[PDB]
Amino acid sequence: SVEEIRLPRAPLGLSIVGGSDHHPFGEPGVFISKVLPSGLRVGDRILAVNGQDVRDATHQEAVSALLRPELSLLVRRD
Amino acid sequence: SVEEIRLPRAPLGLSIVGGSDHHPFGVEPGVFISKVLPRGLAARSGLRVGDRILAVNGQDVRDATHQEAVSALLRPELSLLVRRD
Amino acid sequence: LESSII
């Protein structure tokens, strides 16, 4: 399914792999590889960030979108 | 050169990339600072994009996996040694 | 290629 996940910024650490310029997840997508040991799950595909499409973004484009000065993530899992 | 950077505990406004499990930095197992927000905490602490993180509170991360390096940085000020330039 | 945002 596809879920909108809201995360308050102050929840600690997010790791991602993938991207279009290119692991066991998925795809051309960007995928959550880790979350500090809420709502998000490893393997989640990240579709949008704060309403901005990242479905086809490069890895560095995804990173820059995650690295924002609340964070909203649209994700697909499974 | 090799610099000692004091970095607050994690947000910090930085991304890191790399590790021994394998970007434009180095070239190469290292963990590097790939982006810092201009007024974020990492920037103010003196970290720089392109910095290769060598150690974190005594933990040698020169040959660490990406997630080893991160865990180190997220253990609950950090003393970082970085190689740069 | 893996990045982390903190």
Side-chain angles (χ1 to χ4, degrees), chain A residues 5-8 10-21 23-26 28-40 42-69 71-73 75, chain B residues 5 7-53 56-57 59 61 63-78 80 82:
Chain A
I5 302 291
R6 293 269 309 188
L7 281 194
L12 217 62
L14 208 57
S15 301
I16 64 173
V17 295
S20 71
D21 60 338
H23 60 87
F25 314 108
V30 170
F31 290 92
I32 303 277
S33 59
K34 207 156 180 221
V35 179
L36 165 57
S38 313
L40 295 168
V42 166
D44 286 346
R45 184 192 275 89
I46 299 170
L47 306 170
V49 179
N50 284 28
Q52 308 317 106
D53 190 6
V54 301
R55 291 170 178 79
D56 285 319
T58 71
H59 182 91
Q60 214 50 58
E61 271 162 28
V63 174
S64 309
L66 292 160
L67 181 61
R68 297 267 63 220
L71 203 62
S72 169
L73 292 180
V75 307
Chain B
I5 291 314
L7 177 76
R9 307 263 184 171
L12 300 189
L14 70 85
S15 47
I16 64 159
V17 71
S20 62
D21 46 355
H22 273 194
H23 64 75
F25 308 106
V27 173
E28 180 52 82
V31 176
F32 303 81
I33 306 293
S34 61
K35 190 171 191 286
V36 174
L37 295 178
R39 290 156 37 191
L41 296 182
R44 295 208 167 280
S45 296
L47 278 185
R48 296 176 189 172
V49 166
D51 282 349
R52 172 193 313 253
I53 298 161
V56 182
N57 271 15
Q59 192 177 323
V61 296
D63 209 11
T65 60
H66 184 92
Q67 286 299 335
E68 284 166 355
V70 168
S71 296
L73 289 170
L74 291 183
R75 288 189 212 298
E77 283 183 316
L78 290 164
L80 279 61
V82 307

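In what follows, chains carry the letters A, B, and so on, assigned in the order in which the sequence lines appear, proteins first and then strands, with residues in each chain numbered from 1.
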Practice item. Can you see which heavy atom on B:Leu14 is nearest to which on A:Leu67, and at what distance? Key: N-CD1, 3.6 Å
Review point. Does a side-chain heavy-atom distance below 4.5 Å link A:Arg68 with B:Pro11?
Key: no
Check your understanding: For the atom pair CG (B:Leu37) and OG (A:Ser64), what is the distance rounded to the nearest 0.5 Å?
Key -> 9.5 Å
Check your understanding: More than 12 foreign heavy atoms under 6.0 Å from CG of A:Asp56: is that the case here?
Key -> no
